[PDB]
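**Q**
Chains as they are written, first to last, in the deposited numbering: chain d, 176 to 322, 328 to 350; chain c, 156 to 266, 278 to 310.
1) For chain d, is any of its Cβ atoms less than 8 Å away from the one on residue 304/c?
2) Name the one or two DSSP bridge partners that residue 200/c has.
3) Can you look up residue 156/c in the DSSP assignment and give me helix, strand or coil?
4) Taking the alpha-carbon positions, what's the residue 316/d to residue 202/d distance?
5) Kindly say whether residue 299/c, judged by its beta-carbon, lies nearer than 8 Å to any beta-carbon of chain d.
6) Would you grab the beta carbon distance between residue 250/d and residue 228/d for me? Rounded to a whole angstrom, and I think it's under 8 Å.
7) For residue 245/c, count the other beta carbons within 10 Å of its own beta carbon; 16 or more makes it buried, fewer makes it exposed. Which is it?
8) Hey, out of 215/c, 173/c, 218/c, whose CA is closest to residue 200/c's CA?
9) If residue 230/d sits next to residue 246/d, beta carbons under 8 Å apart, how far is it from one beta carbon to the other, in whole angstroms?
10) Looking only at its own chain, which residues have a Cβ that is under 8 Å from the Cβ of residue 294/d, when we skip the five neighbours before and after it?
11) Under a three-way DSSP split, which group does residue 229/d fall into?
12) Between the region 278-297 of chain d and the region 250-259 of chain d, do at least 3 Cβ pairs fall closer than 8 Å?
13) In terms of residue numbering, what span does the alpha helix (DSSP H) encompassing residue 193/d cover?
14) What's the gap between the Cα of residue 214/d and the Cα of residue 300/c?
15) Does chain c have any CB closer than 8 Å to the CB of residue 332/d?
16) Using the C-alpha atoms, what's the distance from residue 303/d back to residue 312/d?
17) Suppose the cutoff is 7 Å on Cβ atoms and the five residues either side in sequence are ignored; what does the same chain contact list for residue 165/c look like?
18) Would you tell me roughly how many angstroms separate the C-alpha atoms of residue 283/c and residue 228/c, rounded to the nearest one?
19) Compare the beta carbon distance of residue 200/d and residue 263/d with 8 Å and say whether it is the shorter of the two.
20) Within the 8 Å Cβ cut-off, does residue 340/d reach chain c?
21) Note down, in chain order, every chain d residue with its Cβ under 7 Å from the Cβ of residue 341/c.
22) Mind pulling the chain d residues with CB within less than 7 Å of residue 307/c?
23) By a C-beta neighbour count over all protein chains shown, 10 Å radius and 16 as the cutoff for buried, is residue 160/c buried or exposed?
24) Any idea what DSSP makes of residue 121/c, helix, strand or coil?
25) Can you check whether the C-beta of residue 343/d is within less than 8 Å of a C-beta belonging to chain c?
26) The alpha helix (DSSP H) with residue 213/d in it runs from where to where?
27) When you compare each of 310/c, 304/c, 309/c to residue 334/d by their alpha carbons, which one comes out closest?
28) From what residue to what residue does the alpha helix (DSSP H) around residue 300/c run?
29) Could you list which residues in chain c have their beta carbon closer than 9 Å to that of residue 303/d, in chain order?
30) On the three-state DSSP scale, how would you describe residue 241/c?
31) So if I threshold CB-CB distances at 7 Å, which residues from the region 188-222 of chain c count as touching chain d?
32) Do the CB positions of residue 297/c and residue 332/d come within less than 8 Å of each other?
33) Helix, strand or coil for residue 249/c? Go by DSSP, reduced to three states.
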């Protein structure tokens with residue numbers, strides 16, 4: 176992006192650039208992701224494939240079409256886009272979790288396996304052996320939902341503050 | 156209203172002498188009263204100053220007269236009466252605010279009581295409300 180006038184156009188550039196975008200998505204750095212997209216020129220977002228694919232993955236992931244995100248696995252412009260697809264699957268699982276523990280009531284074992292695209296059923300225990308949302312009640316996958329006293333001290337602080345700014349001379 | 160007096164010798168103001176000499180600027184800081192002048196505050200008797208003498212213990216014992224108890228310090232105000240007072244003061248303040256709008260418009264067009283009354287009323291409302299609210303929180307914490 177810097178020595179633009181002097182540097183000759185490098186056709187062997189978009190590959191690494193989009194691979195960087197994929198890396199940002201992989202480590203859930205959405206802010207930096209969109210900053211670099213903005214840095215990129217406008218046309219490349221819709222013309223090139225190397226960049227379009229990471230753009231497509233991020234767009235799908237923000238919409239919530241995780242099924243499309245997964246189905247995109249086979250669709251990869253160049254094999255270089257590797258190991259970040261894997262870190263991206265891991266991060267997607269983490270985000271699916273985030274959803275589950277922020278806003279659900281309880282997910283049974285079969286439905287947890289269905290929703291979270293875990294590893295083989297035997298390792299399906301994964302992410303409960305790792306995150307462990309206080310699981311266990313009734314069925315081991317009860318999800319243990321992770322969902328009134330006057331704050332007298334704080335109210336006293338604030339009211340005293342009113343009095344202080346009203347009585348001080350200024 | 157207490158005044159101390161002493162007489163003037165008959166051979167003092169008639170022999171050509173002032174009733175009482177003056178060596179310090181102290182004796183002219185208090186003015187006499189016409190009531191006494193008429194009866195002769197300076198023809199037959201003086202007027203000695205008073206200058207009350209108060210220790211440090213008498214003043215405390217007298218302060219005990221109106222000294223407010225910790226109960227009065229920490230006791231809330233009847234909430235019904237407090238709400239009635241809030242309502243009455245806010246209504247009177249509304250009336251003063253209408254008058255204040257009229258006054259500011261009129262003065263800005265052609266070239278105060280509303281402003282001063284509004285200021286005193288805002289003072290009373292804020293002091294009352296803050297005091298009662300803080301007392302309420304203090305009690306909610308102290309008595310549980």
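C-beta: ideal position from N, C-alpha, C; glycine also.
**A** Taking the structure as given:
1) yes
2) 162/c
3) coil
4) 28 Å
5) yes
6) 7 Å
7) exposed
8) 173/c
9) With a Cβ gap of about 16 Å, residue 230/d and residue 246/d do not count as contacting.
10) 301
11) helix
12) no
13) 189-201
14) 55 Å
15) yes
16) 13 Å
17) none
18) 29 Å
19) yes
20) yes
21) Here chain c comprises residues numbered 156 to 310, so residue 341/c is not present and cannot be evaluated.
22) 332, 333
23) exposed
24) No answer is possible for residue 121/c: the residues shown for chain c start at 156 and end at 310.
25) yes
26) 205-214
27) 304/c
28) 279-308
29) The contacting residues do not exist; residue 303/d stays about 42 Å from chain c at best.
30) helix
31) none
32) no
33) helix
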